[PDB]
file work_26.csv (CSV, C-alpha atoms)
chain,number,residue,atom,x,y,z
A,55,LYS,CA,-52.0,-40.9,-25.4
A,56,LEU,CA,-50.9,-39.2,-22.0
A,57,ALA,CA,-47.8,-37.1,-21.0
A,58,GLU,CA,-44.6,-39.0,-21.9
A,59,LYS,CA,-42.5,-35.8,-21.5
A,60,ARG,CA,-39.1,-35.8,-19.6
A,61,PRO,CA,-39.3,-33.5,-16.6
A,62,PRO,CA,-37.8,-30.0,-16.5
A,63,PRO,CA,-34.2,-29.9,-15.3
A,64,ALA,CA,-32.9,-30.0,-11.8
A,65,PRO,CA,-31.2,-26.7,-10.7
A,66,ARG,CA,-27.4,-26.9,-11.3
A,67,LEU,CA,-25.4,-25.4,-8.5
A,68,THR,CA,-21.8,-24.4,-9.2
A,69,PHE,CA,-19.6,-23.3,-6.2
A,70,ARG,CA,-16.5,-21.2,-6.4
A,71,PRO,CA,-14.6,-22.3,-4.4
A,72,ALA,CA,-15.9,-25.8,-4.5
A,73,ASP,CA,-17.0,-27.9,-1.6
A,74,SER,CA,-14.3,-29.1,0.9
A,75,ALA,CA,-11.5,-27.0,-0.7
A,76,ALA,CA,-8.8,-25.9,1.7
A,77,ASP,CA,-6.0,-23.3,1.2
A,78,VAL,CA,-8.5,-20.8,-0.2
A,79,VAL,CA,-7.1,-17.3,-0.4
A,80,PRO,CA,-9.2,-14.9,1.8
A,81,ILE,CA,-9.5,-12.4,-1.1
A,82,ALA,CA,-10.2,-15.0,-3.8
A,83,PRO,CA,-13.6,-14.8,-5.6
A,84,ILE,CA,-16.2,-16.5,-3.5
A,85,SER,CA,-19.5,-17.3,-5.2
A,86,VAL,CA,-22.4,-19.7,-5.8
A,87,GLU,CA,-24.5,-19.8,-8.9
A,88,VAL,CA,-27.5,-21.8,-10.0
A,89,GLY,CA,-28.7,-22.6,-13.5
A,90,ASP,CA,-32.1,-23.9,-14.3
A,91,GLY,CA,-33.4,-21.9,-11.3
A,92,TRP,CA,-33.0,-18.9,-9.0
A,93,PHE,CA,-31.9,-18.5,-5.4
A,94,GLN,CA,-34.4,-18.1,-2.7
A,95,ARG,CA,-31.9,-17.6,0.2
A,96,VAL,CA,-28.1,-17.8,0.4
A,97,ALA,CA,-25.8,-17.0,3.3
A,98,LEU,CA,-22.2,-17.7,4.3
A,99,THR,CA,-21.1,-18.1,7.9
A,100,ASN,CA,-17.7,-18.7,9.4
A,101,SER,CA,-17.1,-21.4,12.0
A,102,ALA,CA,-18.3,-18.9,14.7
A,103,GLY,CA,-21.6,-17.9,13.1
A,104,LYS,CA,-20.7,-14.5,11.7
A,105,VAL,CA,-22.5,-13.9,8.4
A,106,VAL,CA,-20.2,-12.7,5.6
A,107,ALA,CA,-21.8,-10.0,3.4
A,108,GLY,CA,-22.7,-10.5,-0.3
A,109,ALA,CA,-25.2,-9.6,-2.9
A,110,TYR,CA,-26.9,-11.4,-5.8
A,111,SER,CA,-26.0,-10.4,-9.3
A,112,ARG,CA,-29.2,-9.8,-11.2
A,113,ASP,CA,-31.8,-12.4,-12.1
A,114,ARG,CA,-30.7,-14.3,-9.0
A,115,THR,CA,-28.5,-16.8,-10.7
A,116,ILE,CA,-25.3,-15.8,-8.8
A,117,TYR,CA,-24.5,-14.8,-5.2
A,118,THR,CA,-21.1,-13.2,-4.6
A,119,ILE,CA,-19.2,-12.3,-1.4
A,120,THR,CA,-18.4,-8.5,-1.0
A,121,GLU,CA,-15.9,-8.5,1.9
A,122,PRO,CA,-12.6,-10.3,2.5
A,123,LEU,CA,-12.4,-13.4,4.6
A,124,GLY,CA,-10.1,-14.6,7.4
A,125,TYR,CA,-7.2,-17.0,7.5
A,126,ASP,CA,-7.5,-20.6,8.7
A,127,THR,CA,-11.3,-20.3,8.8
A,128,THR,CA,-13.9,-22.7,7.6
A,129,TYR,CA,-17.0,-21.2,5.8
A,130,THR,CA,-20.3,-22.9,5.3
A,131,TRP,CA,-23.1,-22.1,2.8
A,132,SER,CA,-26.7,-22.3,3.8
A,133,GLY,CA,-29.7,-21.6,1.6
A,134,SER,CA,-32.1,-22.9,-1.0
A,135,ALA,CA,-32.8,-22.4,-4.7
A,136,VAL,CA,-36.1,-23.2,-6.4
A,137,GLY,CA,-36.3,-25.0,-9.7
A,138,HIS,CA,-38.8,-24.8,-12.5
A,139,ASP,CA,-41.3,-27.3,-11.0
A,140,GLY,CA,-41.5,-25.3,-7.8
A,141,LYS,CA,-39.6,-27.5,-5.4
A,142,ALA,CA,-36.6,-26.0,-3.6
A,143,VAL,CA,-33.3,-27.7,-3.3
A,144,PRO,CA,-30.7,-26.9,-0.6
A,145,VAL,CA,-27.7,-24.6,-1.0
A,146,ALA,CA,-25.2,-26.3,1.3
A,147,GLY,CA,-21.4,-26.4,1.3
A,148,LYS,CA,-18.1,-25.7,3.0
A,149,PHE,CA,-14.6,-24.5,2.4
A,150,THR,CA,-11.6,-23.4,4.4
A,151,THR,CA,-9.2,-20.5,3.8
A,152,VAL,CA,-5.4,-20.6,4.0
A,153,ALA,CA,-3.5,-20.7,7.2
A,154,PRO,CA,-0.2,-18.9,6.3
A,155,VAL,CA,3.1,-20.2,7.5
A,156,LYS,CA,3.4,-16.7,9.1
A,157,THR,CA,1.6,-13.4,8.7
A,158,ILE,CA,4.1,-10.6,7.9
A,159,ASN,CA,2.9,-7.3,9.4
A,160,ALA,CA,3.9,-3.9,8.2
A,161,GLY,CA,3.7,-0.2,9.0
A,162,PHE,CA,4.3,3.3,7.7
A,163,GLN,CA,6.6,5.7,9.6
A,164,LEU,CA,4.2,8.7,9.2
A,165,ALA,CA,0.7,9.0,10.5
A,166,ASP,CA,-2.4,9.8,8.4
A,167,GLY,CA,-2.8,13.5,8.4
A,168,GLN,CA,0.9,14.3,8.9
A,169,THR,CA,2.4,17.3,7.2
A,170,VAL,CA,6.0,16.7,6.2
A,171,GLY,CA,8.8,18.5,4.3
A,172,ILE,CA,9.3,18.4,0.5
A,173,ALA,CA,11.8,15.5,0.8
A,174,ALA,CA,10.1,13.1,3.1
A,175,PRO,CA,10.2,9.4,1.9
A,176,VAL,CA,7.4,7.0,2.5
A,177,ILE,CA,8.8,4.2,4.7
A,178,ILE,CA,7.1,0.8,5.0
A,179,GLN,CA,8.9,-1.5,7.4
A,180,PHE,CA,8.0,-5.2,7.7
A,181,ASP,CA,8.7,-7.5,10.6
A,182,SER,CA,10.0,-10.5,8.6
A,183,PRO,CA,12.3,-10.9,5.5
A,184,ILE,CA,10.4,-11.0,2.3
A,185,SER,CA,11.0,-13.7,-0.4
A,186,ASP,CA,8.9,-12.2,-3.3
A,187,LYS,CA,9.5,-8.5,-3.0
A,188,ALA,CA,8.2,-8.1,-6.6
A,189,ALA,CA,4.9,-9.6,-5.6
A,190,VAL,CA,4.6,-7.1,-2.7
A,191,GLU,CA,5.8,-4.0,-4.6
A,192,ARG,CA,3.2,-4.7,-7.3
A,193,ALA,CA,0.7,-4.3,-4.5
A,194,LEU,CA,1.8,-0.7,-3.9
A,195,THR,CA,0.3,2.3,-5.5
A,196,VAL,CA,1.2,5.9,-4.8
A,197,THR,CA,-1.1,8.7,-6.0
A,198,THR,CA,0.0,12.3,-5.8
A,199,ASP,CA,-1.8,15.7,-6.3
A,200,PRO,CA,-0.3,17.2,-8.2
A,201,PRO,CA,1.0,14.0,-9.9
A,202,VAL,CA,4.7,13.6,-9.4
A,203,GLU,CA,7.3,11.1,-10.7
A,204,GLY,CA,8.7,8.7,-8.1
A,205,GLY,CA,9.7,5.1,-7.4
A,206,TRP,CA,9.7,2.3,-4.8
A,207,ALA,CA,13.0,1.0,-3.7
A,208,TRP,CA,14.0,-1.8,-1.2
A,209,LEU,CA,16.9,-1.1,1.2
A,210,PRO,CA,18.8,-3.9,2.9
A,211,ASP,CA,16.7,-5.6,5.5
A,212,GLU,CA,17.1,-4.3,9.1
A,213,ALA,CA,16.9,-6.6,12.1
A,214,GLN,CA,13.2,-6.0,12.4
A,215,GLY,CA,12.7,-7.1,8.8
A,216,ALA,CA,12.5,-6.0,5.2
A,217,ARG,CA,11.7,-2.4,4.3
A,218,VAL,CA,10.7,-0.4,1.2
A,219,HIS,CA,11.0,3.3,0.5
A,220,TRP,CA,9.1,5.6,-1.9
A,221,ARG,CA,10.9,8.7,-3.1
A,222,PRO,CA,9.9,11.4,-5.5
A,223,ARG,CA,12.5,12.1,-8.2
A,224,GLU,CA,12.6,15.8,-7.5
A,225,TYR,CA,11.3,17.4,-4.3
A,226,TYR,CA,7.6,17.3,-3.7
A,227,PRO,CA,6.0,20.6,-4.7
A,228,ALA,CA,5.0,22.4,-1.5
A,229,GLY,CA,1.4,21.4,-0.5
A,230,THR,CA,1.2,18.1,-2.4
A,231,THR,CA,-1.2,15.5,-1.0
A,232,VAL,CA,-0.1,11.9,-0.9
A,233,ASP,CA,-2.1,8.7,-0.9
A,234,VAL,CA,-0.5,5.3,-0.5
A,235,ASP,CA,-2.3,2.0,-0.9
A,236,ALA,CA,-0.7,-1.3,0.1
A,237,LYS,CA,-3.0,-4.2,-0.9
A,238,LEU,CA,-1.2,-6.8,1.2
A,239,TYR,CA,-4.0,-8.8,2.7
A,240,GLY,CA,-4.2,-12.3,1.2
A,241,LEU,CA,-1.1,-11.5,-0.8
A,242,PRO,CA,1.5,-14.3,-0.8
A,243,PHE,CA,4.9,-12.9,0.2
A,244,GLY,CA,6.4,-16.2,-0.9
A,245,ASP,CA,7.7,-19.2,1.1
A,246,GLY,CA,4.2,-19.6,2.6
A,247,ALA,CA,4.0,-16.1,4.1
A,248,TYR,CA,1.0,-13.9,3.7
A,249,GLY,CA,0.2,-10.2,4.2
A,250,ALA,CA,-1.3,-9.5,7.6
A,251,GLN,CA,-3.4,-6.5,6.7
A,252,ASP,CA,-4.2,-4.0,3.9
A,253,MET,CA,-2.6,-0.6,4.7
A,254,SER,CA,-3.4,2.9,3.6
A,255,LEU,CA,-1.9,6.3,4.4
A,256,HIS,CA,-2.9,9.9,3.6
A,257,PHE,CA,-0.5,12.8,4.2
A,258,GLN,CA,0.4,16.3,2.9
A,259,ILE,CA,3.6,18.0,1.9
A,260,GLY,CA,4.0,21.2,3.8
A,261,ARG,CA,5.7,24.5,3.0
A,262,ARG,CA,8.8,24.4,0.9
A,263,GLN,CA,11.9,24.9,3.1
A,264,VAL,CA,15.5,24.2,2.0
A,265,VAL,CA,18.6,24.4,4.1
A,266,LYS,CA,21.7,25.4,2.1
A,267,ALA,CA,24.8,24.1,3.9
A,268,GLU,CA,28.1,24.7,2.1
A,269,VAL,CA,30.7,23.6,4.6
A,270,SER,CA,33.4,25.9,3.2
A,271,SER,CA,31.1,28.9,3.9
A,272,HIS,CA,30.7,28.8,7.7
A,273,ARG,CA,27.0,29.7,7.1
A,274,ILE,CA,23.8,28.0,6.7
A,275,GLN,CA,20.9,29.5,4.7
A,276,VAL,CA,17.3,28.6,5.3
A,277,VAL,CA,15.2,29.4,2.2
A,278,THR,CA,11.4,29.2,1.7
A,279,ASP,CA,8.9,30.9,-0.6
A,280,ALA,CA,9.8,34.0,1.5
A,281,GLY,CA,13.4,33.9,0.4
A,282,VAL,CA,16.4,33.6,2.7
A,283,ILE,CA,14.7,33.7,6.1
A,284,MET,CA,17.8,32.7,8.1
A,285,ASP,CA,21.5,33.3,7.3
A,286,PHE,CA,23.5,32.1,10.4
A,287,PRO,CA,27.2,31.9,11.1
A,288,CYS,CA,27.9,28.3,11.9
A,289,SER,CA,30.7,25.8,11.9
A,290,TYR,CA,30.9,22.2,10.6
A,291,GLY,CA,33.0,19.2,11.5
A,292,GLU,CA,36.7,20.1,11.6
A,293,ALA,CA,37.4,17.1,9.3
A,294,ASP,CA,40.6,16.1,11.0
A,295,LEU,CA,39.5,12.5,11.0
A,296,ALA,CA,36.5,10.9,9.2
A,297,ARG,CA,34.2,10.7,12.3
A,298,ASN,CA,34.2,14.6,12.4
A,299,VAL,CA,33.3,15.1,8.7
A,300,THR,CA,29.8,16.4,7.9
A,301,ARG,CA,28.6,14.0,5.2
A,302,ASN,CA,28.0,15.4,1.7
A,303,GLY,CA,24.6,15.2,-0.1
A,304,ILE,CA,21.0,15.9,0.6
A,305,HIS,CA,20.0,15.1,4.2
A,306,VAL,CA,16.5,14.6,5.5
A,307,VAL,CA,15.3,16.0,8.8
A,308,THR,CA,13.7,13.3,11.0
A,309,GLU,CA,13.5,14.2,14.7
A,310,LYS,CA,14.1,17.3,16.9
A,311,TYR,CA,14.6,17.9,20.6
A,312,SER,CA,14.0,20.9,22.7
A,313,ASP,CA,16.3,19.3,25.3
A,314,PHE,CA,18.0,15.9,24.8
A,315,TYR,CA,20.3,13.3,26.4
A,316,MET,CA,22.2,11.1,23.9
A,317,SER,CA,25.0,8.4,24.0
A,318,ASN,CA,26.0,6.7,20.7
A,319,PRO,CA,29.1,6.7,18.3
A,320,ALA,CA,30.9,10.0,18.6
A,321,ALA,CA,31.6,10.4,22.3
A,322,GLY,CA,28.3,11.1,24.3
A,323,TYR,CA,26.6,14.5,24.9
A,324,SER,CA,23.7,16.5,26.3
A,328,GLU,CA,21.9,18.8,23.8
A,329,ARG,CA,19.6,21.8,23.1
A,330,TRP,CA,17.6,22.6,20.0
A,331,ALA,CA,18.8,19.6,18.1
A,332,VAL,CA,17.4,18.9,14.6
A,333,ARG,CA,18.5,15.4,13.5
A,334,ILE,CA,19.8,15.2,9.9
A,335,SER,CA,21.1,11.6,10.0
A,336,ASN,CA,20.9,8.5,12.2
A,337,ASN,CA,24.7,8.7,12.3
A,338,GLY,CA,24.6,11.5,14.9
A,339,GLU,CA,24.5,14.6,12.8
A,340,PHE,CA,22.4,17.5,14.1
A,341,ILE,CA,21.8,21.2,13.6
A,342,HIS,CA,22.0,22.3,17.2
A,343,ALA,CA,23.6,24.7,19.7
A,344,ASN,CA,27.3,24.2,20.9
A,345,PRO,CA,28.1,27.2,23.3
A,358,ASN,CA,32.1,16.5,15.9
A,359,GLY,CA,30.0,15.8,12.8
A,360,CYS,CA,27.2,18.3,13.5
A,361,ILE,CA,26.4,21.8,12.4
A,362,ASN,CA,26.8,24.2,15.3
A,363,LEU,CA,24.9,27.4,15.8
A,364,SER,CA,24.5,30.0,18.6
A,365,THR,CA,21.9,28.8,21.0
A,366,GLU,CA,19.3,31.5,19.9
A,367,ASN,CA,19.9,30.7,16.3
A,368,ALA,CA,19.7,26.9,17.0
A,369,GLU,CA,16.3,27.6,18.7
A,370,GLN,CA,14.8,29.7,15.9
A,371,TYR,CA,15.8,27.1,13.3
A,372,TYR,CA,14.6,24.3,15.5
A,373,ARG,CA,11.1,25.8,15.7
A,374,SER,CA,10.9,26.2,11.9
A,375,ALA,CA,11.9,22.7,11.0
A,376,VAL,CA,9.7,19.7,10.0
A,377,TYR,CA,10.2,16.0,9.4
A,378,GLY,CA,11.1,15.6,5.7
A,379,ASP,CA,12.8,19.0,5.2
A,380,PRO,CA,15.9,18.7,2.9
A,381,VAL,CA,19.4,19.8,4.1
A,382,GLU,CA,21.7,20.2,1.1
A,383,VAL,CA,25.3,19.8,2.3
A,384,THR,CA,27.9,20.8,-0.3
A,385,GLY,CA,31.7,21.0,-0.3
A,386,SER,CA,32.3,17.9,1.8
A,387,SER,CA,34.5,15.0,0.9
A,388,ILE,CA,32.5,12.0,2.1
A,389,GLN,CA,29.1,11.5,0.6
A,390,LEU,CA,26.0,10.4,2.7
A,391,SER,CA,25.6,6.7,2.5
A,392,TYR,CA,23.9,3.5,3.7
A,393,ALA,CA,26.7,3.4,6.3
A,394,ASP,CA,25.2,6.5,7.9
A,395,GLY,CA,21.7,5.0,8.4
A,396,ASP,CA,18.4,6.6,7.4
A,397,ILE,CA,17.7,8.8,5.7
A,398,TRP,CA,20.2,8.4,2.8
A,399,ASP,CA,17.6,8.1,0.0
A,400,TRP,CA,18.5,11.5,-1.6
A,401,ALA,CA,22.2,10.8,-1.7
A,402,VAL,CA,21.9,8.6,-4.8
A,403,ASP,CA,21.0,9.5,-8.3
A,404,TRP,CA,17.7,8.5,-9.8
A,405,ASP,CA,19.0,5.7,-12.0
A,406,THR,CA,20.4,4.1,-8.8
A,407,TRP,CA,17.1,4.5,-7.0
A,408,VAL,CA,15.0,2.8,-9.8
A,409,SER,CA,17.5,0.0,-9.6
A,410,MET,CA,16.5,-0.9,-6.1
A,411,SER,CA,13.0,-1.7,-7.2
A,412,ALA,CA,12.1,-5.4,-7.3
A,413,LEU,CA,10.6,-4.6,-10.8
A,414,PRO,CA,11.9,-3.5,-14.2
A,415,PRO,CA,12.9,0.2,-14.6
A,416,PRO,CA,10.4,1.8,-17.0

call {"tool": "encode", "arguments": {"input": "work_26.csv", "output": "structure tokens"}}
result
Amino acid sequence: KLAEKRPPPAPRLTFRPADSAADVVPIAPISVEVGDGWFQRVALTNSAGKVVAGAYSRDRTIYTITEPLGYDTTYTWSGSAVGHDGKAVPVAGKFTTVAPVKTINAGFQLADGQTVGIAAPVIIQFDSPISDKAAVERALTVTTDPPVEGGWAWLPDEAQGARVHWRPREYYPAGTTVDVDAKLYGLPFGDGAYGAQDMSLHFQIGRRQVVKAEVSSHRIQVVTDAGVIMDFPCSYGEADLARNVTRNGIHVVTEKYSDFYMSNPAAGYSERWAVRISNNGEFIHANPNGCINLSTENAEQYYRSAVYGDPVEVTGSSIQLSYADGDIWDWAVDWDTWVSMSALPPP
């Protein structure tokens, strides 16, 4: 004659990740939901007391974290959720994120905001080898305006570590803007290594400028949208021996010196108005070898015009630019060879 009804349910809390889990990836989904009830308060702190941000998805059945976490850190839940009957039951729990075997840092070779020439590669250099290069490359997106075809390619690791290069197939159209996103935080690089940090880079391609360098011509031409703006007598390597041959193929300008003191394989010299076109010791500069030599006042005027990433098309030479010459050799190989240095299939 009285009640005899079985009570309304207890709230059911489901934790992702679950209580006491270790080796949790710092960008994994982190949540807490309640059925048969709604949350009254939820918070997540790390071991040091820093709240980690999150918001409740509607009809407060779920609370989700909205910022990445750290490595080798233990996180605790605190809160309560009220059931049907009105009594509140605690939201308490723990977990711990991964400590990686090592964290592999990386960096771009250009700065955000840089304006570069129509042949600049995007260079990402790491400070360790990389076991799962495909996993890392799949974390790379390049977005161009206008959109342009290109590819990622891995070069042989340097002493500092592995390194990957992005090249357009044809030259960038002058003015193109470039956005590079590397989502490497919490990404396993394999063999227990993890990305150190997400990286992003914004830069612009500058004015179109192409150097035409036909060795048999004893001239160099500098051509922009204004046409031939420089046609200089010059001279190239005598090509007696191989050390004095100007490499064939499309070079990239990297560095330039008003006034410079160098010593490295060729002999050793100190010069003026040098524009470096290879890490092998080739320059456009003044002579008053390997290099392209101009009069001092023609070397100066070119030197001022030049920009990182400008292409230098050398033709009529008998040794083609190569890995053996150091960076930048990315334009000395056909496209099918470039897509073949991707750690992924070749669409």

call {"tool": "residues_around", "arguments": {"input": "work_26.csv", "residues": "residue A:120", "least_positions_apart": "2", "cutoff": "8 Å", "atoms": "all atoms listed in the file", "output": "PyMOL selection string"}}
result
chain A and resi 107-109+118+122

call {"tool": "residues_near_point", "arguments": {"input": "work_26.csv", "point": "(26.6, 8.7, -0.2)", "cutoff": "7 Å", "atoms": "all atoms listed in the file", "output": "PyMOL selection string"}}
result
chain A and resi 303+389-391+401-402

call {"tool": "atom_distance", "arguments": {"input": "work_26.csv", "atom1": "atom CA of residue A:193", "atom2": "atom CA of residue A:400"}}
result
24.0 Å

call {"tool": "residues_near_point", "arguments": {"input": "work_26.csv", "point": "(30.1, 25.7, -0.1)", "cutoff": "6 Å", "atoms": "all atoms listed in the file", "output": "MDAnalysis selection string"}}
result
chainID A and resid 268:271 384:385

call {"tool": "write_last_selection", "arguments": {"input": "work_26.csv", "atoms": "C-alpha atoms", "output": "PDB file, keeping the file's coordinate frame"}}
result
ATOM      1  CA  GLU A 268      28.100  24.700   2.100  1.00  0.00           C
ATOM      2  CA  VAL A 269      30.700  23.600   4.600  1.00  0.00           C
ATOM      3  CA  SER A 270      33.400  25.900   3.200  1.00  0.00           C
ATOM      4  CA  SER A 271      31.100  28.900   3.900  1.00  0.00           C
ATOM      5  CA  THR A 384      27.900  20.800  -0.300  1.00  0.00           C
ATOM      6  CA  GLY A 385      31.700  21.000  -0.300  1.00  0.00           C
TER       7      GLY A 385
END

call {"tool": "axis_aligned_box", "arguments": {"input": "work_26.csv", "around": "stretch 163-179 of chain A", "padding_each_side": "6 Å", "output": "AutoDock Vina command-line options"}}
result
--center_x 4.5 --center_y 8.5 --center_z 5.5 --size_x 26.6 --size_y 32.0 --size_z 22.0

call {"tool": "decode", "arguments": {"input": "work_26.csv", "residues": "stretch 126-147 of chain A", "atoms": "N, CA, C and O atoms", "output": "PDB file, in the first residue's frame"}}
result
ATOM      1  N   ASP A 126      54.685  14.005 -19.442  1.00  0.00           N
ATOM      2  CA  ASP A 126      55.142  13.533 -18.129  1.00  0.00           C
ATOM      3  C   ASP A 126      54.481  14.332 -17.007  1.00  0.00           C
ATOM      4  O   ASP A 126      55.106  14.674 -15.997  1.00  0.00           O
ATOM      5  N   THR A 127      53.201  14.646 -17.198  1.00  0.00           N
ATOM      6  CA  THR A 127      52.418  15.401 -16.233  1.00  0.00           C
ATOM      7  C   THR A 127      51.186  14.608 -15.817  1.00  0.00           C
ATOM      8  O   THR A 127      50.555  13.935 -16.641  1.00  0.00           O
ATOM      9  N   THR A 128      50.861  14.696 -14.529  1.00  0.00           N
ATOM     10  CA  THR A 128      49.711  14.030 -13.935  1.00  0.00           C
ATOM     11  C   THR A 128      48.595  15.049 -13.737  1.00  0.00           C
ATOM     12  O   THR A 128      48.800  16.088 -13.097  1.00  0.00           O
ATOM     13  N   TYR A 129      47.417  14.746 -14.270  1.00  0.00           N
ATOM     14  CA  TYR A 129      46.269  15.643 -14.229  1.00  0.00           C
ATOM     15  C   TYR A 129      45.181  15.055 -13.330  1.00  0.00           C
ATOM     16  O   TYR A 129      44.932  13.849 -13.359  1.00  0.00           O
ATOM     17  N   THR A 130      44.556  15.898 -12.503  1.00  0.00           N
ATOM     18  CA  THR A 130      43.492  15.455 -11.612  1.00  0.00           C
ATOM     19  C   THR A 130      42.183  16.181 -11.897  1.00  0.00           C
ATOM     20  O   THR A 130      42.158  17.406 -12.086  1.00  0.00           O
ATOM     21  N   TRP A 131      41.090  15.415 -11.901  1.00  0.00           N
ATOM     22  CA  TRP A 131      39.754  15.986 -12.005  1.00  0.00           C
ATOM     23  C   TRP A 131      39.237  16.374 -10.624  1.00  0.00           C
ATOM     24  O   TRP A 131      39.516  15.698  -9.634  1.00  0.00           O
ATOM     25  N   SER A 132      38.503  17.483 -10.558  1.00  0.00           N
ATOM     26  CA  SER A 132      37.762  17.839  -9.361  1.00  0.00           C
ATOM     27  C   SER A 132      36.437  18.451  -9.764  1.00  0.00           C
ATOM     28  O   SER A 132      36.387  19.288 -10.665  1.00  0.00           O
ATOM     29  N   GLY A 133      35.377  18.046  -9.087  1.00  0.00           N
ATOM     30  CA  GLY A 133      34.067  18.581  -9.379  1.00  0.00           C
ATOM     31  C   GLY A 133      32.989  17.699  -8.792  1.00  0.00           C
ATOM     32  O   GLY A 133      33.266  16.733  -8.090  1.00  0.00           O
ATOM     33  N   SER A 134      31.743  18.070  -9.091  1.00  0.00           N
ATOM     34  CA  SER A 134      30.571  17.299  -8.692  1.00  0.00           C
ATOM     35  C   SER A 134      29.539  17.345  -9.812  1.00  0.00           C
ATOM     36  O   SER A 134      29.536  18.259 -10.640  1.00  0.00           O
ATOM     37  N   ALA A 135      28.673  16.327  -9.835  1.00  0.00           N
ATOM     38  CA  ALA A 135      27.530  16.246 -10.741  1.00  0.00           C
ATOM     39  C   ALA A 135      26.316  15.779  -9.955  1.00  0.00           C
ATOM     40  O   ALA A 135      26.414  14.827  -9.174  1.00  0.00           O
ATOM     41  N   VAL A 136      25.177  16.438 -10.153  1.00  0.00           N
ATOM     42  CA  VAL A 136      23.996  16.134  -9.350  1.00  0.00           C
ATOM     43  C   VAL A 136      23.114  15.150 -10.098  1.00  0.00           C
ATOM     44  O   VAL A 136      22.984  15.209 -11.322  1.00  0.00           O
ATOM     45  N   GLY A 137      22.531  14.213  -9.361  1.00  0.00           N
ATOM     46  CA  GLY A 137      21.646  13.228  -9.937  1.00  0.00           C
ATOM     47  C   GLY A 137      20.211  13.713  -9.963  1.00  0.00           C
ATOM     48  O   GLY A 137      19.906  14.889  -9.751  1.00  0.00           O
ATOM     49  N   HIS A 138      19.311  12.768 -10.227  1.00  0.00           N
ATOM     50  CA  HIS A 138      17.886  13.076 -10.259  1.00  0.00           C
ATOM     51  C   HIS A 138      17.376  13.465  -8.884  1.00  0.00           C
ATOM     52  O   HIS A 138      16.672  14.472  -8.746  1.00  0.00           O
ATOM     53  N   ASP A 139      17.738  12.690  -7.853  1.00  0.00           N
ATOM     54  CA  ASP A 139      17.183  12.908  -6.518  1.00  0.00           C
ATOM     55  C   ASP A 139      17.606  14.240  -5.908  1.00  0.00           C
ATOM     56  O   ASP A 139      16.936  14.721  -4.985  1.00  0.00           O
ATOM     57  N   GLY A 140      18.691  14.840  -6.400  1.00  0.00           N
ATOM     58  CA  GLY A 140      19.180  16.120  -5.921  1.00  0.00           C
ATOM     59  C   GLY A 140      20.550  16.063  -5.279  1.00  0.00           C
ATOM     60  O   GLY A 140      21.222  17.102  -5.182  1.00  0.00           O
ATOM     61  N   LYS A 141      20.984  14.888  -4.836  1.00  0.00           N
ATOM     62  CA  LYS A 141      22.271  14.741  -4.181  1.00  0.00           C
ATOM     63  C   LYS A 141      23.378  14.771  -5.228  1.00  0.00           C
ATOM     64  O   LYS A 141      23.208  14.273  -6.349  1.00  0.00           O
ATOM     65  N   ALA A 142      24.496  15.407  -4.868  1.00  0.00           N
ATOM     66  CA  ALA A 142      25.643  15.592  -5.750  1.00  0.00           C
ATOM     67  C   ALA A 142      26.707  14.544  -5.454  1.00  0.00           C
ATOM     68  O   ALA A 142      26.988  14.248  -4.292  1.00  0.00           O
ATOM     69  N   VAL A 143      27.303  13.992  -6.504  1.00  0.00           N
ATOM     70  CA  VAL A 143      28.293  12.934  -6.329  1.00  0.00           C
ATOM     71  C   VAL A 143      29.600  13.464  -6.916  1.00  0.00           C
ATOM     72  O   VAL A 143      29.559  14.260  -7.862  1.00  0.00           O
ATOM     73  N   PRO A 144      30.771  13.136  -6.353  1.00  0.00           N
ATOM     74  CA  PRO A 144      32.006  13.826  -6.773  1.00  0.00           C
ATOM     75  C   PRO A 144      32.523  13.401  -8.139  1.00  0.00           C
ATOM     76  O   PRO A 144      32.407  12.247  -8.555  1.00  0.00           O
ATOM     77  N   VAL A 145      33.142  14.362  -8.813  1.00  0.00           N
ATOM     78  CA  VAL A 145      33.870  14.143 -10.057  1.00  0.00           C
ATOM     79  C   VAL A 145      35.358  14.183  -9.725  1.00  0.00           C
ATOM     80  O   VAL A 145      36.008  15.233  -9.782  1.00  0.00           O
ATOM     81  N   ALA A 146      35.921  13.027  -9.393  1.00  0.00           N
ATOM     82  CA  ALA A 146      37.311  12.945  -8.976  1.00  0.00           C
ATOM     83  C   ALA A 146      38.028  11.895  -9.819  1.00  0.00           C
ATOM     84  O   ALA A 146      37.447  10.866 -10.170  1.00  0.00           O
ATOM     85  N   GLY A 147      39.290  12.165 -10.144  1.00  0.00           N
ATOM     86  CA  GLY A 147      40.038  11.314 -11.059  1.00  0.00           C
ATOM     87  C   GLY A 147      41.391  11.897 -11.425  1.00  0.00           C
ATOM     88  O   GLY A 147      41.696  13.068 -11.168  1.00  0.00           O
TER      89      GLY A 147
END
